[PDB]
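Q: Got a structure here, written out as structure tokens. Questions coming.
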Amino acid sequence: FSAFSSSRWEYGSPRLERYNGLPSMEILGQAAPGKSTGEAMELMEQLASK
Amino acid sequence: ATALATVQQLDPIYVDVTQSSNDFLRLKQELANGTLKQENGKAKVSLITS
Amino acid sequence: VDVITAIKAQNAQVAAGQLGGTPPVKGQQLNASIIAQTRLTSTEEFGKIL
């Protein structure tokens, strides 16, 4: 098998995700012990706006 | 053309060994580059059976 | 018939495997995916079928 084959290295993603038919990725995490979830959601939306 | 019988000598034995050409050339180049070392003369050959 | 056979033979997906795959031997410390002949993606690639 070494008389007609070569070899090299590459970089590849071992896990591909899709959401609603488009490539996507997911971040999962909680909020602070002393604040509401909705405020964290709004701040995450503002951060994603950037 | 058809032989009558066969007479064989067994006290010494020949072993014909297959080397891939690319590995042979690569090792020759490595030895010519000073990375490898040679000792005395003919190299030692060991055997592993089935 | 020959053209169809050549296309079906050289434009097919092959499942290669994994370096350090399951079940590994005791002492392995390198695991990676293996990439091999994949589906052709361009006309220039597709026109080099032998």
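Chain lettering (A, B, ...) mirrors the order of the structure tokens, residue numbering begins at 1 for each chain separately, and ligand numbering begins at 1 in order of display.
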So which residues touch region 9-21 of chain B within 8 Å, counting only C-alpha atoms, skipping near sequence neighbours fewer than 4 positions away, as an MDAnalysis selection string?
A: (chainID A and resid 2:3) or (chainID B and resid 25)
Q: Can those selected residues be exported to a file as a PDB file, in the first residue's frame so that it contains N, CA and C atoms?
A:
ATOM      1  N   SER A   2       2.136   1.166   0.291  1.00  0.00           N
ATOM      2  CA  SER A   2       3.015   2.325   0.345  1.00  0.00           C
ATOM      3  C   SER A   2       3.695   2.620  -0.984  1.00  0.00           C
ATOM      4  N   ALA A   3       3.443   1.818  -2.016  1.00  0.00           N
ATOM      5  CA  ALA A   3       4.055   2.032  -3.318  1.00  0.00           C
ATOM      6  C   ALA A   3       3.253   2.965  -4.214  1.00  0.00           C
TER       7      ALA A   3
ATOM      8  N   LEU B  25      14.649   4.173  -1.249  1.00  0.00           N
ATOM      9  CA  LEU B  25      15.291   5.414  -1.670  1.00  0.00           C
ATOM     10  C   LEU B  25      15.354   6.424  -0.531  1.00  0.00           C
TER      11      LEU B  25
END
Q: Would you mind listing what lies within 12 Å of region 13-28 of chain A as number ranges by chain, with only C-alpha atoms counted and same-chain residues fewer than 6 positions away left out?
A: A: 41, 44, 48; C: 18, 31-34
Q: Quick one: write out the picked residues with N, CA and C atoms as a PDB file, in the first residue's frame?
A:
ATOM      1  N   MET A  41     -30.763  37.171  29.497  1.00  0.00           N
ATOM      2  CA  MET A  41     -31.157  36.957  28.107  1.00  0.00           C
ATOM      3  C   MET A  41     -31.055  38.249  27.304  1.00  0.00           C
ATOM      4  N   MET A  44     -27.430  39.091  26.716  1.00  0.00           N
ATOM      5  CA  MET A  44     -26.871  38.211  25.695  1.00  0.00           C
ATOM      6  C   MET A  44     -27.323  38.629  24.302  1.00  0.00           C
ATOM      7  N   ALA A  48     -24.846  39.732  21.327  1.00  0.00           N
ATOM      8  CA  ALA A  48     -24.914  39.129  20.000  1.00  0.00           C
ATOM      9  C   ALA A  48     -25.157  40.176  18.923  1.00  0.00           C
TER      10      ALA A  48
ATOM     11  N   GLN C  18     -10.280   5.221  11.483  1.00  0.00           N
ATOM     12  CA  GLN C  18      -9.740   6.078  12.532  1.00  0.00           C
ATOM     13  C   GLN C  18      -8.396   5.536  12.993  1.00  0.00           C
ATOM     14  N   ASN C  31      -5.303   9.505  18.479  1.00  0.00           N
ATOM     15  CA  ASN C  31      -6.559   9.173  17.824  1.00  0.00           C
ATOM     16  C   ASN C  31      -6.887  10.271  16.827  1.00  0.00           C
ATOM     17  N   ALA C  32      -7.209   9.881  15.596  1.00  0.00           N
ATOM     18  CA  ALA C  32      -7.525  10.864  14.571  1.00  0.00           C
ATOM     19  C   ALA C  32      -8.418  10.229  13.519  1.00  0.00           C
ATOM     20  N   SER C  33      -9.084  11.077  12.744  1.00  0.00           N
ATOM     21  CA  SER C  33      -9.889  10.584  11.640  1.00  0.00           C
ATOM     22  C   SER C  33      -9.023  10.399  10.398  1.00  0.00           C
ATOM     23  N   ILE C  34      -9.498   9.554   9.488  1.00  0.00           N
ATOM     24  CA  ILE C  34      -8.791   9.248   8.252  1.00  0.00           C
ATOM     25  C   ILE C  34      -9.647   9.709   7.083  1.00  0.00           C
TER      26      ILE C  34
END
Q: Please measure the separation of CA of residue 3 (chain C) and CA of residue 47 (chain C), giving the value in Å to one decimal.
A: 11.5 Å
Q: May I ask you to extract the residues of chain A within 12 Å of chain C, using only C-alpha atoms, and to give them as a list in words?
A: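 Result: residues 5, 6, 7, 8, 9, 10, 11, 12, 13, 14 and 15 of chain A.
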Q: Those selected residues, please, written with C-alpha atoms and delivered as a tab-separated table (two decimals), in the first residue's frame.
A:
chain	number	residue	atom	x	y	z
A	5	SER	CA	-0.17	6.15	-1.74
A	6	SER	CA	0.95	9.22	0.20
A	7	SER	CA	-0.17	10.80	3.47
A	8	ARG	CA	-0.51	14.23	5.05
A	9	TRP	CA	-2.26	16.07	7.88
A	10	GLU	CA	-5.21	18.46	7.99
A	11	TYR	CA	-7.62	20.17	10.39
A	12	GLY	CA	-11.27	19.17	10.61
A	13	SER	CA	-14.28	19.62	12.86
A	14	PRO	CA	-15.28	16.35	14.59
A	15	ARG	CA	-18.86	17.53	15.21
Q: From a DSSP calculation on the backbone, collect every residue of chain C in helix (DSSP H, G or I) and output the set as a tab-separated table (two decimals) with N, CA and C atoms, in the first residue's frame.
A:
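Resulting contents of states-v1.tsv:
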chain	number	residue	atom	x	y	z
C	2	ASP	N	-18.45	1.34	-20.07
C	2	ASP	CA	-17.16	1.59	-19.43
C	2	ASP	C	-17.13	2.95	-18.75
C	3	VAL	N	-17.70	3.97	-19.39
C	3	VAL	CA	-17.73	5.30	-18.79
C	3	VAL	C	-18.55	5.28	-17.51
C	4	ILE	N	-19.71	4.63	-17.54
C	4	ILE	CA	-20.56	4.55	-16.35
C	4	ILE	C	-19.85	3.81	-15.23
C	5	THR	N	-19.19	2.70	-15.56
C	5	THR	CA	-18.47	1.94	-14.54
C	5	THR	C	-17.33	2.75	-13.94
C	6	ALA	N	-16.57	3.46	-14.78
C	6	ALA	CA	-15.47	4.27	-14.28
C	6	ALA	C	-15.98	5.39	-13.37
C	7	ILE	N	-17.09	6.03	-13.75
C	7	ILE	CA	-17.64	7.09	-12.91
C	7	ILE	C	-18.11	6.52	-11.58
C	8	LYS	N	-18.81	5.38	-11.61
C	8	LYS	CA	-19.28	4.77	-10.38
C	8	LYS	C	-18.14	4.27	-9.50
C	9	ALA	N	-16.99	3.96	-10.08
C	9	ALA	CA	-15.86	3.48	-9.30
C	9	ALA	C	-14.98	4.59	-8.75
C	10	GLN	N	-14.84	5.70	-9.47
C	10	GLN	CA	-13.95	6.78	-9.06
C	10	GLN	C	-14.68	7.99	-8.49
C	43	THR	N	-15.78	20.37	-12.10
C	43	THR	CA	-15.69	19.83	-13.46
C	43	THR	C	-14.25	19.46	-13.81
C	44	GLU	N	-13.28	20.27	-13.38
C	44	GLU	CA	-11.89	19.93	-13.61
C	44	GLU	C	-11.51	18.64	-12.90
C	45	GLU	N	-11.99	18.46	-11.66
C	45	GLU	CA	-11.79	17.19	-10.97
C	45	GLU	C	-12.52	16.05	-11.67
C	46	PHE	N	-13.72	16.32	-12.17
C	46	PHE	CA	-14.55	15.27	-12.75
C	46	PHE	C	-14.05	14.82	-14.11
Q: List every residue of region 5-43 of chain C that DSSP, applied to the backbone of this structure, assigns to strand (DSSP E or B), and report them as a list in words.
A: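 DSSP on the backbone gives strand (DSSP E or B) at residues 17, 18, 19, 32, 33 and 34 of chain C.
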Q: Write the residues of the selection above to a file with N, CA and C atoms, as a PDB file, in the first residue's frame.
A:
ATOM      1  N   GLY C  17     -11.921   5.166   8.333  1.00  0.00           N
ATOM      2  CA  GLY C  17     -11.799   4.640   9.679  1.00  0.00           C
ATOM      3  C   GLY C  17     -11.258   5.639  10.681  1.00  0.00           C
ATOM      4  N   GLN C  18     -10.280   5.221  11.483  1.00  0.00           N
ATOM      5  CA  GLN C  18      -9.740   6.078  12.532  1.00  0.00           C
ATOM      6  C   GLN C  18      -8.396   5.536  12.993  1.00  0.00           C
ATOM      7  N   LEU C  19      -7.389   6.406  13.031  1.00  0.00           N
ATOM      8  CA  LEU C  19      -6.143   6.074  13.707  1.00  0.00           C
ATOM      9  C   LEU C  19      -6.388   6.011  15.207  1.00  0.00           C
ATOM     10  N   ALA C  32      -7.209   9.881  15.596  1.00  0.00           N
ATOM     11  CA  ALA C  32      -7.525  10.864  14.571  1.00  0.00           C
ATOM     12  C   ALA C  32      -8.418  10.229  13.519  1.00  0.00           C
ATOM     13  N   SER C  33      -9.084  11.077  12.744  1.00  0.00           N
ATOM     14  CA  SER C  33      -9.889  10.584  11.640  1.00  0.00           C
ATOM     15  C   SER C  33      -9.023  10.399  10.398  1.00  0.00           C
ATOM     16  N   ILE C  34      -9.498   9.554   9.488  1.00  0.00           N
ATOM     17  CA  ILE C  34      -8.791   9.248   8.252  1.00  0.00           C
ATOM     18  C   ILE C  34      -9.647   9.709   7.083  1.00  0.00           C
TER      19      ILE C  34
END
Q: Can you measure CA of residue 4 (chain A) to CA of residue 30 (chain B) for me? One decimal in Å is fine.
A: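 Going from CA of residue 4 (chain A) over to CA of residue 30 (chain B) covers 20.9 Å.
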